[PDB]
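Just model-v5.cif here, mmCIF, C-alpha atoms:
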data_target
#
loop_
_atom_site.label_atom_id
_atom_site.label_comp_id
_atom_site.auth_asym_id
_atom_site.auth_seq_id
_atom_site.Cartn_x
_atom_site.Cartn_y
_atom_site.Cartn_z
CA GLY A 1 9.98 20.71 -9.31
CA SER A 2 9.75 19.73 -12.98
CA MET A 3 7.73 16.74 -14.26
CA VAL A 4 9.69 13.52 -13.59
CA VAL A 5 7.92 11.65 -16.41
CA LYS A 6 5.60 12.77 -19.21
CA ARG A 7 3.84 9.42 -19.92
CA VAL A 8 1.13 7.98 -17.68
CA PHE A 9 -1.08 4.89 -17.89
CA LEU A 10 -4.29 4.97 -15.87
CA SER A 11 -6.93 2.34 -14.99
CA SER A 12 -9.82 1.86 -12.64
CA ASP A 13 -12.63 -0.43 -11.75
CA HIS A 14 -16.22 0.92 -11.98
CA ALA A 15 -15.85 3.00 -8.77
CA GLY A 16 -12.93 5.00 -10.15
CA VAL A 17 -14.18 5.82 -13.69
CA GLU A 18 -15.11 9.47 -13.03
CA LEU A 19 -11.89 10.27 -11.16
CA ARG A 20 -9.84 8.40 -13.75
CA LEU A 21 -11.31 10.49 -16.59
CA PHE A 22 -10.89 13.76 -14.60
CA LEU A 23 -7.25 12.97 -13.78
CA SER A 24 -6.58 11.92 -17.38
CA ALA A 25 -7.84 15.32 -18.58
CA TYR A 26 -5.61 17.16 -16.08
CA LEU A 27 -2.60 15.20 -17.16
CA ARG A 28 -3.37 16.05 -20.84
CA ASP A 29 -3.55 19.78 -19.98
CA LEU A 30 -0.10 19.40 -18.34
CA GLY A 31 1.36 18.00 -21.60
CA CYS A 32 1.64 14.30 -20.72
CA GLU A 33 1.00 11.44 -23.06
CA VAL A 34 -1.91 9.76 -21.38
CA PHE A 35 -3.08 6.19 -21.89
CA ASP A 36 -6.47 5.03 -20.70
CA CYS A 37 -6.44 1.32 -19.87
CA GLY A 38 -10.13 0.89 -18.87
CA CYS A 39 -12.43 -0.19 -17.47
CA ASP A 40 -14.95 0.93 -20.10
CA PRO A 41 -17.17 3.60 -18.52
CA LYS A 42 -20.32 1.61 -19.55
CA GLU A 43 -19.36 -1.08 -17.00
CA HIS A 44 -21.26 -1.00 -13.72
CA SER A 45 -19.34 -3.70 -11.84
CA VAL A 46 -15.94 -5.18 -12.58
CA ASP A 47 -13.08 -6.58 -10.46
CA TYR A 48 -10.10 -4.22 -9.85
CA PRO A 49 -7.43 -6.96 -10.15
CA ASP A 50 -8.31 -7.42 -13.82
CA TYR A 51 -7.37 -3.81 -14.62
CA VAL A 52 -3.80 -3.80 -13.20
CA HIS A 53 -1.79 -5.73 -15.86
CA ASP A 54 -2.12 -3.34 -18.76
CA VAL A 55 -0.87 -0.53 -16.55
CA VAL A 56 1.97 -2.21 -14.67
CA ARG A 57 3.47 -3.87 -17.80
CA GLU A 58 4.05 -0.35 -19.22
CA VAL A 59 5.55 1.21 -16.07
CA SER A 60 9.25 2.12 -16.35
CA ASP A 61 11.78 4.84 -15.58
CA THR A 62 9.93 7.02 -18.14
CA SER A 63 6.30 5.89 -17.53
CA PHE A 64 4.17 6.01 -14.35
CA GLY A 65 0.82 4.43 -13.54
CA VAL A 66 -2.32 5.51 -11.71
CA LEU A 67 -4.77 2.88 -10.36
CA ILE A 68 -8.18 3.65 -8.89
CA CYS A 69 -10.66 1.52 -6.95
CA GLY A 70 -13.19 2.52 -4.30
CA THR A 71 -10.62 2.63 -1.49
CA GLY A 72 -7.26 2.25 -3.24
CA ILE A 73 -6.26 -0.66 -1.00
CA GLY A 74 -6.97 -3.40 -3.49
CA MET A 75 -5.20 -1.58 -6.34
CA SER A 76 -2.09 -1.05 -4.21
CA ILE A 77 -2.04 -4.74 -3.11
CA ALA A 78 -2.41 -5.89 -6.75
CA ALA A 79 0.18 -3.50 -8.24
CA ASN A 80 2.84 -4.43 -5.72
CA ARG A 81 2.73 -8.13 -6.76
CA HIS A 82 5.15 -6.99 -9.53
CA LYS A 83 8.81 -6.52 -8.67
CA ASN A 84 9.34 -3.58 -11.01
CA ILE A 85 6.38 -1.74 -9.44
CA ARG A 86 6.43 0.53 -6.38
CA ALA A 87 2.85 1.56 -5.69
CA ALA A 88 1.53 3.88 -2.95
CA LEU A 89 -2.04 4.64 -1.96
CA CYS A 90 -1.89 8.36 -1.37
CA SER A 91 -4.64 10.48 0.14
CA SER A 92 -2.39 13.51 0.83
CA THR A 93 0.40 15.41 -0.85
CA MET A 94 2.73 14.47 2.05
CA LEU A 95 2.34 10.75 1.39
CA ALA A 96 2.87 11.22 -2.37
CA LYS A 97 6.01 13.29 -1.61
CA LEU A 98 7.44 10.65 0.73
CA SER A 99 6.65 7.70 -1.61
CA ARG A 100 8.57 9.44 -4.39
CA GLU A 101 11.46 10.66 -2.17
CA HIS A 102 12.04 7.43 -0.21
CA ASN A 103 10.62 4.66 -2.40
CA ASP A 104 10.91 6.08 -5.96
CA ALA A 105 7.20 5.11 -6.24
CA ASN A 106 6.09 4.64 -9.89
CA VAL A 107 2.41 3.77 -9.38
CA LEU A 108 0.00 6.05 -7.63
CA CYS A 109 -3.15 4.46 -6.16
CA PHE A 110 -6.36 6.36 -5.29
CA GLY A 111 -9.57 5.49 -3.42
CA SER A 112 -12.18 7.36 -5.43
CA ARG A 113 -14.90 7.03 -2.76
CA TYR A 114 -12.72 8.79 -0.13
CA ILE A 115 -10.86 11.58 -1.94
CA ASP A 116 -12.40 14.47 -3.78
CA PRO A 117 -11.15 15.22 -7.32
CA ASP A 118 -9.46 18.56 -6.46
CA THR A 119 -7.41 16.98 -3.67
CA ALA A 120 -6.54 13.98 -5.88
CA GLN A 121 -5.31 16.41 -8.57
CA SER A 122 -2.95 18.01 -5.96
CA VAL A 123 -1.71 14.62 -4.87
CA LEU A 124 -1.03 13.54 -8.45
CA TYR A 125 0.81 16.81 -9.20
CA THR A 126 3.06 16.25 -6.16
CA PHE A 127 3.69 12.66 -7.23
CA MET A 128 4.60 13.68 -10.77
CA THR A 129 6.93 16.53 -9.70
CA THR A 130 8.82 14.94 -6.73
CA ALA A 131 12.30 13.54 -7.41
CA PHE A 132 13.66 10.39 -5.76
CA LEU A 133 16.27 11.20 -3.14
CA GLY A 134 18.44 8.11 -3.70
CA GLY A 135 21.31 8.06 -1.19
CA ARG A 136 20.52 5.72 1.72
CA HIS A 137 17.17 4.87 0.09
CA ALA A 138 18.81 3.54 -3.08
CA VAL A 139 19.84 0.26 -1.53
CA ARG A 140 16.34 -0.36 -0.11
CA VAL A 141 14.66 0.50 -3.44
CA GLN A 142 17.08 -1.96 -5.16
CA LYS A 143 16.10 -4.62 -2.68
CA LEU A 144 12.38 -4.01 -3.38
CA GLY A 145 13.33 -5.39 -6.81
CA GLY B 1 -15.59 -7.44 18.51
CA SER B 2 -14.06 -10.94 18.54
CA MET B 3 -10.35 -11.15 17.61
CA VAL B 4 -10.07 -12.82 14.21
CA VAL B 5 -6.69 -14.49 14.87
CA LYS B 6 -4.69 -14.97 18.10
CA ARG B 7 -1.24 -15.17 16.48
CA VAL B 8 0.77 -12.21 15.17
CA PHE B 9 4.24 -11.88 13.70
CA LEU B 10 5.84 -8.44 13.94
CA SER B 11 8.88 -6.85 12.39
CA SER B 12 10.54 -3.55 11.78
CA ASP B 13 13.56 -1.67 10.65
CA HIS B 14 15.43 0.57 13.06
CA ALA B 15 12.83 3.36 12.79
CA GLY B 16 10.06 1.00 13.90
CA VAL B 17 11.66 -0.74 16.93
CA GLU B 18 10.01 1.33 19.68
CA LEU B 19 6.52 1.06 18.16
CA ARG B 20 7.05 -2.64 17.41
CA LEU B 21 7.85 -3.39 21.07
CA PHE B 22 4.90 -1.23 22.26
CA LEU B 23 2.43 -3.08 20.00
CA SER B 24 3.92 -6.48 20.86
CA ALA B 25 3.30 -5.84 24.59
CA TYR B 26 -0.24 -4.67 23.77
CA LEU B 27 -1.00 -7.85 21.82
CA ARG B 28 0.48 -9.99 24.61
CA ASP B 29 -1.78 -8.24 27.16
CA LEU B 30 -4.70 -9.08 24.82
CA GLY B 31 -3.77 -12.77 25.01
CA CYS B 32 -2.24 -13.17 21.55
CA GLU B 33 0.70 -15.36 20.71
CA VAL B 34 3.24 -12.78 19.64
CA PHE B 35 6.34 -13.46 17.55
CA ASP B 36 9.14 -10.83 17.31
CA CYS B 37 10.96 -11.15 13.96
CA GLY B 38 13.49 -8.32 14.41
CA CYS B 39 15.29 -6.16 13.77
CA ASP B 40 17.41 -6.39 16.88
CA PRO B 41 16.86 -3.19 18.93
CA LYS B 42 20.68 -2.78 19.12
CA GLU B 43 20.62 -2.11 15.34
CA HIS B 44 20.63 1.61 14.50
CA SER B 45 20.37 1.23 10.72
CA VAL B 46 18.93 -1.69 8.67
CA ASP B 47 17.02 -2.13 5.37
CA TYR B 48 13.24 -2.68 5.81
CA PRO B 49 13.02 -5.14 2.88
CA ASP B 50 15.25 -7.65 4.70
CA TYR B 51 12.75 -7.90 7.63
CA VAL B 52 9.63 -8.84 5.62
CA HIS B 53 10.37 -12.47 4.72
CA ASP B 54 10.17 -13.95 8.18
CA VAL B 55 6.77 -12.37 8.78
CA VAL B 56 5.11 -13.09 5.44
CA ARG B 57 6.35 -16.74 5.55
CA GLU B 58 4.20 -17.20 8.67
CA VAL B 59 1.04 -15.29 7.67
CA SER B 60 -2.11 -17.43 7.14
CA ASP B 61 -5.87 -17.74 7.80
CA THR B 62 -4.74 -18.20 11.43
CA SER B 63 -1.78 -15.76 11.66
CA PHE B 64 -1.51 -12.02 10.84
CA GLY B 65 1.55 -9.81 10.44
CA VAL B 66 2.54 -6.31 11.42
CA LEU B 67 5.34 -4.48 9.54
CA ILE B 68 6.84 -1.11 10.56
CA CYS B 69 9.23 1.32 8.87
CA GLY B 70 9.46 5.11 9.04
CA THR B 71 6.52 5.73 6.67
CA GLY B 72 4.99 2.31 6.24
CA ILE B 73 5.17 2.79 2.47
CA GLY B 74 8.17 0.55 1.93
CA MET B 75 6.93 -2.29 4.11
CA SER B 76 3.56 -2.35 2.26
CA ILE B 77 5.29 -2.53 -1.13
CA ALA B 78 7.62 -5.32 0.04
CA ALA B 79 4.78 -7.29 1.78
CA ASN B 80 2.55 -7.29 -1.29
CA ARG B 81 5.23 -8.93 -3.41
CA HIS B 82 3.81 -12.24 -2.06
CA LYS B 83 0.56 -13.74 -3.36
CA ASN B 84 -0.64 -14.97 0.08
CA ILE B 85 -0.24 -11.46 1.54
CA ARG B 86 -2.70 -8.61 1.52
CA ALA B 87 -0.97 -5.69 3.22
CA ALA B 88 -2.38 -2.25 4.04
CA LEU B 89 -0.65 0.85 5.48
CA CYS B 90 -3.24 2.19 7.91
CA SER B 91 -3.06 5.43 9.84
CA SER B 92 -6.66 5.39 10.98
CA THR B 93 -9.20 2.92 12.28
CA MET B 94 -11.38 3.57 9.16
CA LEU B 95 -8.69 2.30 6.77
CA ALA B 96 -7.94 -0.69 9.07
CA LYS B 97 -11.67 -1.47 8.99
CA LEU B 98 -12.02 -1.16 5.21
CA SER B 99 -8.88 -3.25 4.51
CA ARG B 100 -10.26 -6.11 6.61
CA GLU B 101 -13.86 -5.80 5.34
CA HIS B 102 -13.06 -5.56 1.62
CA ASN B 103 -9.62 -7.02 1.12
CA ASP B 104 -9.37 -9.55 3.99
CA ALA B 105 -6.09 -7.80 4.82
CA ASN B 106 -3.70 -10.09 6.72
CA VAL B 107 -0.69 -7.67 7.17
CA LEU B 108 -0.95 -4.26 8.84
CA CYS B 109 1.78 -1.70 8.01
CA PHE B 110 2.58 1.42 10.11
CA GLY B 111 4.78 4.50 9.61
CA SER B 112 6.36 4.88 13.03
CA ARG B 113 7.53 8.45 12.36
CA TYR B 114 4.01 9.62 11.45
CA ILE B 115 1.63 7.82 13.90
CA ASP B 116 1.49 8.17 17.66
CA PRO B 117 1.58 4.92 19.66
CA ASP B 118 -1.89 5.25 21.17
CA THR B 119 -3.48 5.82 17.76
CA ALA B 120 -1.45 2.89 16.37
CA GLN B 121 -2.86 0.68 19.14
CA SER B 122 -6.49 1.64 18.17
CA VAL B 123 -5.67 0.88 14.51
CA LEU B 124 -4.24 -2.50 15.38
CA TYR B 125 -7.25 -3.27 17.63
CA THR B 126 -9.67 -2.46 14.77
CA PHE B 127 -7.58 -4.50 12.33
CA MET B 128 -7.61 -7.53 14.65
CA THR B 129 -11.35 -7.38 15.45
CA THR B 130 -12.87 -6.65 11.97
CA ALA B 131 -14.32 -9.58 10.03
CA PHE B 132 -13.98 -9.96 6.27
CA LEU B 133 -17.32 -9.17 4.61
CA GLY B 134 -16.99 -11.84 1.85
CA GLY B 135 -19.88 -11.34 -0.58
CA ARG B 136 -19.00 -9.41 -3.75
CA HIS B 137 -15.48 -8.88 -2.31
CA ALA B 138 -14.63 -12.58 -2.27
CA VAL B 139 -14.04 -12.91 -6.03
CA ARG B 140 -11.64 -9.90 -5.99
CA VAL B 141 -9.69 -11.16 -2.96
CA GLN B 142 -9.42 -14.55 -4.69
CA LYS B 143 -7.97 -12.86 -7.81
CA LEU B 144 -5.39 -11.08 -5.61
CA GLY B 145 -3.82 -14.47 -4.93
CA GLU B 146 -3.84 -15.87 -8.51
#
Same coordinates, now as structure tokens:
Amino acid sequence: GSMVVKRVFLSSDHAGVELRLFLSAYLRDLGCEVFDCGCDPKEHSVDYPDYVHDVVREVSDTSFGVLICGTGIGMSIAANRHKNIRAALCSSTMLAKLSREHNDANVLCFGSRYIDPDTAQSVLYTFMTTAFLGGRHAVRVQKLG
Amino acid sequence: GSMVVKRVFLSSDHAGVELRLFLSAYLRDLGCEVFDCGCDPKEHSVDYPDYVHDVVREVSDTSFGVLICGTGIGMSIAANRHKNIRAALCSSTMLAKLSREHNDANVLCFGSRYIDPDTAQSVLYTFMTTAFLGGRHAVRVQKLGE
């Protein structure tokens, strides 16, 4: 149950600014290098697909991403356009745990209007501390690429 | 509410076969054209990514898709690799509703090991009968395909 990576890149549209900042702070307390990729908090309405690239281009075996829109659905659709990305909208620790175990998920999507910050913090901790199981999943994860 | 399309393509891996056949019969009873894209029920282990292509190839403004693996997580990742596809893993009618309203979702993913068939049928019904809201969502949905 140690941290699987210690670098995270986070973005949101306008709906996810508060959660994004709260989760960034948590991740700093945990000792991660944390990169904020916008949107600027002064923005009142932007389009979530415009805030995906700067996160997903940095995602790797040593760097994970967090994407936040109102529901999470749009961020997860957008992130998974990229073959090196494996993004899961998680509203529970169970879902985070399974996405990491089975799919080696490297982008965590949140719906800020439907999850409270304390629960999202738990979900992110599970995501960051769950190892990929490999084995029979390895071949499927390879194919996702 | 009115069904938004009357054509559905469905696929699964081995974990999803039973639910896939249950939801196909449901759709048929509802008067949909229903297209089974495997896997063969005789198959006891396959790879979910191999069963996405045949569904997403057929998805359009007139045709939706349903993808099923153990969790739904892998199918949603694999589905959203394609620019014409807007897939959502839904375990509740609320998420089905929101995915349609905001994202014009055209592929519904289920986790057969984590949803009971009767709840899955409600989720699918909601998905099929919820209109896209357009409005301020249209520009973002358009960007999803760019």
Open item on the list: Residues of chain A within 8 Å of chain B, counting all atoms listed in the file, what are they? List them as a PyMOL selection string.
Closed with: chain A and resi 47-49+71+73-74+77-78+80-83+86-88+98-99+103+139-140+143-144
Task: Distance in Å - atom CA of residue 54 of chain B versus atom CA of residue 8 of chain B - done: 11.8 Å
Show me a table, sorted first by chain and then by increasing residue number, of the residues of segment 40-101 of chain A having an atom at most 9 Å from segment 114-133 of chain A, each with its shortest atom pair and the distance in Å to one decimal, counting all atoms listed in the file and written as a Markdown table.
| residue | atom | partner | partner_atom | distance |
| --- | --- | --- | --- | --- |
| A:64 | CA | A:128 | CA | 8.5 |
| A:66 | CA | A:124 | CA | 8.8 |
| A:70 | CA | A:114 | CA | 7.5 |
| A:71 | CA | A:114 | CA | 6.6 |
| A:90 | CA | A:123 | CA | 7.2 |
| A:91 | CA | A:115 | CA | 6.7 |
| A:92 | CA | A:123 | CA | 5.8 |
| A:93 | CA | A:123 | CA | 4.6 |
| A:94 | CA | A:123 | CA | 8.2 |
| A:95 | CA | A:123 | CA | 8.4 |
| A:96 | CA | A:127 | CA | 5.1 |
| A:97 | CA | A:130 | CA | 6.1 |
| A:98 | CA | A:130 | CA | 8.7 |
| A:99 | CA | A:127 | CA | 8.1 |
| A:100 | CA | A:132 | CA | 5.4 |
| A:101 | CA | A:132 | CA | 4.2 |
Selected residues, C-alpha atoms, written as a PDB file, in the frame of the given file, please.
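Wrote it out as result-v7.pdb, contents follow:
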ATOM      1  CA  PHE A  64       4.170   6.010 -14.350  1.00  0.00           C
ATOM      2  CA  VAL A  66      -2.320   5.510 -11.710  1.00  0.00           C
ATOM      3  CA  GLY A  70     -13.190   2.520  -4.300  1.00  0.00           C
ATOM      4  CA  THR A  71     -10.620   2.630  -1.490  1.00  0.00           C
ATOM      5  CA  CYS A  90      -1.890   8.360  -1.370  1.00  0.00           C
ATOM      6  CA  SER A  91      -4.640  10.480   0.140  1.00  0.00           C
ATOM      7  CA  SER A  92      -2.390  13.510   0.830  1.00  0.00           C
ATOM      8  CA  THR A  93       0.400  15.410  -0.850  1.00  0.00           C
ATOM      9  CA  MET A  94       2.730  14.470   2.050  1.00  0.00           C
ATOM     10  CA  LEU A  95       2.340  10.750   1.390  1.00  0.00           C
ATOM     11  CA  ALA A  96       2.870  11.220  -2.370  1.00  0.00           C
ATOM     12  CA  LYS A  97       6.010  13.290  -1.610  1.00  0.00           C
ATOM     13  CA  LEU A  98       7.440  10.650   0.730  1.00  0.00           C
ATOM     14  CA  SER A  99       6.650   7.700  -1.610  1.00  0.00           C
ATOM     15  CA  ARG A 100       8.570   9.440  -4.390  1.00  0.00           C
ATOM     16  CA  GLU A 101      11.460  10.660  -2.170  1.00  0.00           C
TER      17      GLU A 101
END
Let me know the residues the PyMOL selection byres ((chain A and resi 54) around 10) catches in the file above, as an mmCIF file with C-alpha atoms, in the frame of the given file.
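File out37.cif, as written:
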data_model
loop_
_atom_site.group_PDB
_atom_site.id
_atom_site.type_symbol
_atom_site.label_atom_id
_atom_site.label_comp_id
_atom_site.auth_asym_id
_atom_site.auth_seq_id
_atom_site.Cartn_x
_atom_site.Cartn_y
_atom_site.Cartn_z
ATOM 1 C CA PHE A 9 -1.080 4.890 -17.890
ATOM 2 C CA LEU A 10 -4.290 4.970 -15.870
ATOM 3 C CA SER A 11 -6.930 2.340 -14.990
ATOM 4 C CA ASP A 36 -6.470 5.030 -20.700
ATOM 5 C CA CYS A 37 -6.440 1.320 -19.870
ATOM 6 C CA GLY A 38 -10.130 0.890 -18.870
ATOM 7 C CA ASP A 50 -8.310 -7.420 -13.820
ATOM 8 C CA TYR A 51 -7.370 -3.810 -14.620
ATOM 9 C CA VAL A 52 -3.800 -3.800 -13.200
ATOM 10 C CA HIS A 53 -1.790 -5.730 -15.860
ATOM 11 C CA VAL A 55 -0.870 -0.530 -16.550
ATOM 12 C CA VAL A 56 1.970 -2.210 -14.670
ATOM 13 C CA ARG A 57 3.470 -3.870 -17.800
ATOM 14 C CA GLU A 58 4.050 -0.350 -19.220
ATOM 15 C CA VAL A 59 5.550 1.210 -16.070
ATOM 16 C CA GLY A 65 0.820 4.430 -13.540
#
Open item on the list: Calculated over only C-alpha atoms, which of the candidates A:18, A:72, A:62, A:6 has the smallest distance to residue 110 of chain A?
Closed with: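 Of A:18, A:72, A:62, A:6, the one nearest residue 110 of chain A is A:72, counting only C-alpha atoms.
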- [ ] Check what the PyMOL selection byres ((chain B and resi 41) around 12) selects in the file above and give those residues as a PyMOL selection string.
- [x] chain B and resi 11-21+36-40+42-46
TODO: Run the PyMOL selection byres ((chain A and resi 31) around 12) mentally over the shown coordinates, then write out the matched residues as a list in words, using the chain letters and numbers from the document.
DONE: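 Against this file, the PyMOL selection byres ((chain A and resi 31) around 12) returns the residues residues 3, 5, 6, 7, 8, 24, 25, 26, 27, 28, 29, 30, 32, 33 and 34 of chain A.
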Task: Nearest residue to residue 79 of chain A from the set A:142, A:135, A:102, A:109 (distances using all atoms listed in the file) - done: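 Ranking A:142, A:135, A:102, A:109 by distance to residue 79 of chain A, first place goes to A:109.
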TODO: Figure out the distance between atom CA of residue 7 of chain B and atom CA of residue 64 of chain B, please, to one decimal in Å.
DONE: 6.5 Å
- [ ] Provide the atom CA of residue 131 of chain B to atom CA of residue 4 of chain B distance in Å, to one decimal place.
- [x]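 Going from atom CA of residue 131 of chain B over to atom CA of residue 4 of chain B, I get 6.8 Å.
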- [ ] Have a look at A:1, A:111, A:136, A:39 and name the one nearest to residue 68 of chain A; count only C-alpha atoms.
- [x]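 The answer is A:111, which sits nearest to residue 68 of chain A.
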Task: residue 97 of chain B environment, 9 Å, all atoms listed in the file, sequence neighbours closer than 6 positions dropped, as a PyMOL selection string - done: chain B and resi 123+126-127+129-131
TODO: Could you pull out every residue with an atom within 6 Å of (1.6, -5.4, 10.2), file coordinates, counting all atoms listed in the file, and send them as a list in words?
DONE: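 Every residue inside that radius is included here: residues 65, 66, 67, 107, 108 and 109 of chain B.
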Could you please take those selected residues and save C-alpha atoms as a PDB file, in the frame of the given file?
ATOM      1  CA  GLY B  65       1.550  -9.810  10.440  1.00  0.00           C
ATOM      2  CA  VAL B  66       2.540  -6.310  11.420  1.00  0.00           C
ATOM      3  CA  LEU B  67       5.340  -4.480   9.540  1.00  0.00           C
ATOM      4  CA  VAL B 107      -0.690  -7.670   7.170  1.00  0.00           C
ATOM      5  CA  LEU B 108      -0.950  -4.260   8.840  1.00  0.00           C
ATOM      6  CA  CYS B 109       1.780  -1.700   8.010  1.00  0.00           C
TER       7      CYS B 109
END
Task: Which residue of B:101, B:61, B:84, B:3 approaches residue 135 of chain B most closely, using all atoms listed in the file - done: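 Counting all atoms listed in the file, the residue closest to residue 135 of chain B is B:101.
Among B:34, B:100, B:114, B:6, the residue with the shortest atom-to-atom distance to residue 68 of chain B, counting only C-alpha atoms, is B:114.
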Repair of segment 62-75 of chain A at the level of N, CA, C and O atoms, as a short mmCIF file (atom, residue, chain, number, x, y, z; two decimals), in the coordinates of the input:
data_model
loop_
_atom_site.label_atom_id
_atom_site.label_comp_id
_atom_site.auth_asym_id
_atom_site.auth_seq_id
_atom_site.Cartn_x
_atom_site.Cartn_y
_atom_site.Cartn_z
N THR A 62 10.55 5.90 -17.44
CA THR A 62 9.93 7.02 -18.14
C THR A 62 8.39 7.00 -18.18
O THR A 62 7.79 7.82 -18.88
N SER A 63 7.77 6.07 -17.48
CA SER A 63 6.30 5.89 -17.53
C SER A 63 5.76 5.49 -16.16
O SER A 63 6.21 4.49 -15.58
N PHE A 64 4.81 6.28 -15.65
CA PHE A 64 4.17 6.01 -14.35
C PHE A 64 2.72 5.53 -14.57
O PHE A 64 2.13 5.70 -15.64
N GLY A 65 2.15 4.95 -13.52
CA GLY A 65 0.82 4.43 -13.54
C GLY A 65 -0.02 5.03 -12.42
O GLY A 65 0.52 5.49 -11.38
N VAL A 66 -1.33 5.08 -12.69
CA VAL A 66 -2.32 5.51 -11.71
C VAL A 66 -3.39 4.41 -11.72
O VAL A 66 -3.87 4.00 -12.82
N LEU A 67 -3.74 3.92 -10.52
CA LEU A 67 -4.77 2.88 -10.36
C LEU A 67 -5.80 3.33 -9.36
O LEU A 67 -5.43 3.87 -8.31
N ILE A 68 -7.08 3.12 -9.68
CA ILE A 68 -8.18 3.65 -8.89
C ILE A 68 -9.28 2.61 -8.63
O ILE A 68 -9.91 2.15 -9.56
N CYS A 69 -9.49 2.26 -7.36
CA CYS A 69 -10.66 1.52 -6.95
C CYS A 69 -11.37 2.35 -5.88
O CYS A 69 -11.01 3.51 -5.62
N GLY A 70 -12.41 1.79 -5.28
CA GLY A 70 -13.19 2.52 -4.30
C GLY A 70 -12.37 3.06 -3.15
O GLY A 70 -12.57 4.22 -2.70
N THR A 71 -11.46 2.24 -2.64
CA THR A 71 -10.62 2.63 -1.49
C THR A 71 -9.14 2.84 -1.78
O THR A 71 -8.42 3.51 -1.00
N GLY A 72 -8.67 2.24 -2.87
CA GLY A 72 -7.26 2.25 -3.24
C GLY A 72 -6.46 1.06 -2.73
O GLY A 72 -5.38 0.80 -3.23
N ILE A 73 -6.99 0.36 -1.72
CA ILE A 73 -6.26 -0.66 -1.00
C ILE A 73 -6.02 -1.85 -1.90
O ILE A 73 -4.92 -2.40 -1.97
N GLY A 74 -7.07 -2.26 -2.59
CA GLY A 74 -6.97 -3.40 -3.49
C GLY A 74 -6.04 -3.15 -4.67
O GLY A 74 -5.26 -4.03 -5.07
N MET A 75 -6.13 -1.95 -5.24
CA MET A 75 -5.20 -1.58 -6.34
C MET A 75 -3.74 -1.60 -5.88
O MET A 75 -2.86 -2.11 -6.57
#
